[PDB]
Amino acid sequence: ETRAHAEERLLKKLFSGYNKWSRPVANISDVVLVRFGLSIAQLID
Amino acid sequence: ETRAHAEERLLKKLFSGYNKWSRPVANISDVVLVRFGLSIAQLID
Amino acid sequence: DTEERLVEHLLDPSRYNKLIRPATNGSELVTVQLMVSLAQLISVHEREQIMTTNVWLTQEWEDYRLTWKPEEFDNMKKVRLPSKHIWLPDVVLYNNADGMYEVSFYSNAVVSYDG
Amino acid sequence: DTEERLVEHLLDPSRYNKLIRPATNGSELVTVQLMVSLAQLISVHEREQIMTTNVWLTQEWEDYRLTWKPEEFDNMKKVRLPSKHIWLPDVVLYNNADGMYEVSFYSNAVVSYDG
């Protein structure tokens, strides 16, 4: 009932059958879109 | 019948109940012989 | 003997989880009180504009699922716990140079009965 | 043969726990006798105020849960054990610069049956 317990149940259900190295896509022919962005903290030297 | 399959069974058998920190000797009084040698790749500085 | 059973009781993987933070009453904010104390000021490279210091940052925060009954466990007020296991908020220099960001030793954490 | 089974009996993770220090009857003090031996004085950089030396610091402490009956196992007096597994008190230099605190090698430790 508490929020932390609900998040724990979600995290337990989610990672049951998830494989890291497998590329997650619906079909093989479909692609993924990786939106990429940069930010400069400082120019050291 | 393959060589790799036999080596796998060997490696599974010998490491089954082998310990690392136990000094491997037949009896307490018996000793070991560590043949020691050096080679120099280069003399850096 | 009792400390072993107490630490096993508190740090049970099925009962306590490292990933999710503790929260109560509809996502109330968990306050973290940090204060710095520098032991020695190592160096100030003015040519490279780099100040190297040795720092102890002391952090306090409340956590509710770590509470225990003190009377049952032989009236223990405080216990040591490894920092790697229990949850901890990440605090790091935001403008840091030289790559190194987080703390070095990961010292043990003191935990009282109040939480 | 007996050495392996004895080491496995001592270092059982379900029996021996590293994270908790040994104690009997409510937090009785466990003494730690340490003495230093100077191998050689390597270098002295007065420009940066750093003295690099070679040191052997010997530490002795009594421990009770590691004891074993000597009569049971072929009258074994002393056994070697790895450092990272058995508990060890943290004794690192405070005024040390260069960040490095703990010892480097983590050598094996001799343990007698007395404890």
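Before reading on, note that the structure itself is shown above.
Cut-offs applied
- Residues numbered from 1 in each chain as written, not as in the entry; some residues may be left out.
- Chains lettered and ligands numbered in written order.
- Part of a larger assembly, values for the part shown.
- Heavy atoms only, no water.
- Helix = DSSP H or I, 4+ residues; strand = E, 2+ residues; numbered from the N terminus.
- Buried < 20%, exposed > 50% of the residue type's maximum accessible area, 1.4 Å probe, protein only.
- Areas by Shrake-Rupley, 256 points an atom, 1.4 Å probe, with all protein chains shown as cover.
- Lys, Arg positive; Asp, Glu negative; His and termini not counted.
- Charge placed at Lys NZ, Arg CZ, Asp CG, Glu CD.
- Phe/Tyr/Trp six-rings, centres within 6.5 Å; stacked < 30°, edge-to-face > 60°.
- Salt bridge = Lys/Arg side-chain N within 4 Å of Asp/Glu carboxyl O.
- Contact = heavy atoms within 4.5 Å.
- Buried area = accessible area lost by both parts, 1.4 Å probe.
- Nonpolar A, V, L, I, M, F, W, Y, C, P; charged D, E, K, R; others polar.
- Least-squares fit on C-alpha atoms.
- Pairing = 2+ DSSP bridges.
- Arc of directions from axis to C-beta.
- Polar contact = N/O pair within 3.5 Å; in protein donor to acceptor, adjacent residues only side chain to side chain.

Asks: An account of the overall build of chain A is needed here, citing residue identities and associated values.
Replies: The helix and strand inventory of chain A stands at one helix and zero strands. C-alpha atoms of chain A, sized along the principal axes, occupy 50 × 35 × 15 Å. Looking at chain A as a whole, 4% of its 45 residues are labelled buried. For chain A, the exposed surface amounts to about 5100 Å²; the carbon and sulfur share of it is 58%. Charged side chains of chain A number 7 positive and 5 negative; the gap between the two group centres comes to 7 Å.

Asks: Before we move on, could you go through the packing of aromatic side chains and cite the residues and values that matter?
Replies: Here the distance between the centres and the angle between the planes together describe a pair of aromatic rings. Under the counting rule described, the total for this entry stands at two aromatic pairs over all chains. Arranged with centres 5.3 Å apart and planes meeting at 75°, the rings of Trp56(C) and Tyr94(D) form a pair that is edge-to-face. With one member in each of two chains, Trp56(C) in strand β2 (residues 50–61) and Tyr94(D) in the loop between β3 (78–81) and β4 (109–112) form a pair that bridges those chains. Taking 6.4 Å as the distance between ring centres and 70° as the angle between the ring planes, the aromatic pair formed by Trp61(D) and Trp87(D) counts as edge-to-face. With a gap of 26 residues between them, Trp61(D) in the loop between β2 (50–60) and β3 and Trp87(D) in the loop between β3 and β4 connect regions that are remote in the sequence.

Asks: Can you lay out the pattern of salt bridges for me, pointing to particular residues and giving the numbers?
Replies: Here the structure, examined in full by the defined rule, presents five salt bridges over all chains. Between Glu8(A) and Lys12(A) there is a salt bridge whose closest N-O contact spans 3.6 Å. Placement of the pair is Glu8(A) and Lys12(A) together in helix α1 (residues 3–14), with a separation of four residues, close to one helical turn. Across the pair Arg3(B) and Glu7(B) runs a salt bridge, and its minimum N-O distance is 3.2 Å. A residue pair is termed a helical-turn pair when its members lie 3 or 4 positions apart in one helix, as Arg3(B) and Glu7(B) do in helix α1 (residues 3–14) at four residues.

Asks: Residue-level account of the interface of chain C and chain D, with values.
Replies: At the junction of the two partners, chain C supplies 10 residues and chain D supplies 12 residues. For the pairing of chain C and chain D, the buried interface totals around 890 Å² over both sides, and the portion due to carbon and sulfur atoms is 49%. On the chain C side of the interface with chain D, the three residues burying the most area are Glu3(C), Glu4(C) and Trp56(C), jointly 43% of the side's total. Summed over the shared surface of chain C and chain D, the number is zero salt bridges. Only α1 (2–10) and β2 of chain C provide two or more residues apiece to the side of chain C that touches chain D. Here the side of chain C that touches chain D takes four residues from α1(C), the largest share from any one element. Partitioning the side of chain C that touches chain D into residue classes produces four nonpolar, two polar and four charged.

Asks: How would you explain the arrangement of the chains if you had to name every residue and give the values?
Replies: Among the three pairs of chains that make contact, the interface with the largest number of contacts is formed by chains C and D. Separated in space, chain A and chain D share no contact, their closest pair of C-alpha atoms being 22 Å apart.

Asks: Mind laying out the relation of the copies chain C and chain D, listing which residues take part and the relevant values?
Replies: Each copy superposes on the other: chain C lies on chain D with an RMSD of 0.6 Å after a rotation of 70° and an axial shift of 1.2 Å. On this basis, the relationship between the two copies can be described by a five-fold rotation axis. For chain C, the smallest separation between a C-alpha atom and the rotation axis is recorded for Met100(C), amounting to 13 Å.

Asks: I'd like a rundown of the pairing of β2(D), residues and numbers included.
Replies: Residues and elements named next belong to chain D. With 11 bridges joining them, strand β1 (residues 33–45) and β2 adopt antiparallel strand pairing. Bridge pairing links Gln-40 to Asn-54 in β2. Hairpin connection between β1 and β2: a loop of four residues separates the two successive antiparallel strands, and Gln-49 in this loop has a positive phi of roughly 60°.

Asks: Give me the lowdown on α1(C), citing residues and values where you can.
Replies: One turn of an α-helix holds 3.6 residues; hence residues three or four places apart share an orientation. Residue and element names in this part refer to chain C. Along α1, the residues classified as buried are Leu-6, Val-7 and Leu-10. Down the axis of α1, the smallest arc covering the buried residues is 95°, so these residues share one side. On its buried side, α1 packs onto β3 (78–81).

Asks: Explain the side chain of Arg65(C) to me, and be specific about the residues and the numbers.
Replies: Residue and element names in this part refer to chain C. Position of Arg-65 relative to the elements: it lies in the loop between β2 and β3. Using a relative accessible area of 15% as the deciding quantity, one classes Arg-65 as buried. Polar side-chain contacts of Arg-65 include one of 3.4 Å to the backbone oxygen of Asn-17. A polar atom in the side chain of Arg-65 sits 3.2 Å from the side chain of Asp-63. Setting aside residues no more than four positions away along its own chain, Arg-65 makes contact with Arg-15, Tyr-16, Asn-17, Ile-20, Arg-21, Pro-22 and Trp-87.

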